[PDB]
Each structure stands twice: as C-alpha cells, then as structure tokens.
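The data below hold one chain only, encoded as structure tokens and taken in the form deposited in one PDB entry.
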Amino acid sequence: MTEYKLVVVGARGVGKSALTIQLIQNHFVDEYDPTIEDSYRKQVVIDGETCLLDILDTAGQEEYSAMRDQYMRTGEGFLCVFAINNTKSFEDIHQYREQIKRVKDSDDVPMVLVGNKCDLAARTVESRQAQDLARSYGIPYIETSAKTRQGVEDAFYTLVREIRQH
C-alpha cells in the first residue's frame, strides 16, 4: 500500500507532539516532554484509500542544524507549525520553509501552515497574517488545537491530499 512519509517541524513548545499523539492515540498530552525524535506508523483509510501514515515528530530547535537535512530529504510532505500566542515561532517559519526548499532542490514541496493552540484566548499572531503568509508560499493555512482536537485530522489529511496532487 501507498505510504506517505510526513514530517512535523517547527519551533519548540508549539505542540508538534501534541498534534501527532492526538491523531495517533486520540488524547491530549498536557506534559512537558521535549522531543529528540519520535516516529509513528499508523495504517489508516483516507478518501477511500488504504494508506500508511509514517510520521516523524522532530525537535523544535537544538544541535539539529544541517542535521535536519537528513529528514527533510526523505519526508514527502511537511507540517509547519507555529503557535498562535508565540510571535517568535511564527517568524521562525520562514527559516524552515527555506531550508526545506534548499535540501529538496525545489520551490514547490507539499506543505501546510498550521497555527496551533487556537483554543487560547490571548493570541499574538492574527490569522490575516498567517493567511497572507500561507498565500505567498502557494500553501494552505489551517488552525488547530491539540487540546480540543479542533482541526487536527483536517491538517494531516489536507497535507496527504497535497502529496497526492504533486
């Protein structure tokens, strides 16, 4: 069966891991637990197609430097996550989209911008902003909450449909 290699990337603390365990295991991890690397394989059905989700959950920042090049070379689609109450992580999005284009040797790579933690009142990143950014890349923008589970299947399934269309 068709597998889709996907990698979840973005800055630390934005909820990369909370989105992935809400999808795989259906529950909210409200813990403090920084990732080095976690990989997850889940056999799923999407738009009637049998497929395997081979997800790679990554570390926000650290001595993952050019050392990101390796997963970025092999992931077919990317979730670029920032958090809606963290302006720095939204500004850091640029840096990841450029390194991904730099290793994949292309200007169109399957991607979706994910504005996580949409359940929190007190956001510092408005959606106009994050929509126009998504618009400038020709990339989808979707808001999520790993707490409510609002938007999480939609962000992962949209990205599969982006790999499917490339």
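All residue numbers refer to positions in the sequence shown, first residue = 1.
Trainee: Between 82-90 and 69-77, point out the one with the higher average CA B-factor as the PDB entry records it.
Mentor: Going by the record's values, the stretch with the higher mean is 69-77.
Trainee: If you take the mean CA temperature factor per stretch, which one wins between 6-14 and 149-157?
Mentor: Going by the record's values, the stretch with the higher mean is 149-157.
Trainee: According to the Cα B-factor stored in this entry, which of the following is highest: 31, 98, 47, 57?
Mentor: So the option with the highest C-alpha B-factor is 31.
Trainee: Select lowest, middle or highest to describe the third in which the CA B-factor of residue 117 falls within its chain in this entry.
Mentor: Its C-alpha B-factor belongs to the lowest third of this chain's values.
Trainee: Of the three thirds of its chain by CA temperature factor, lowest, middle or highest, which one includes residue 103?
Mentor: Answer is highest: the recorded C-alpha B-factor places it there.
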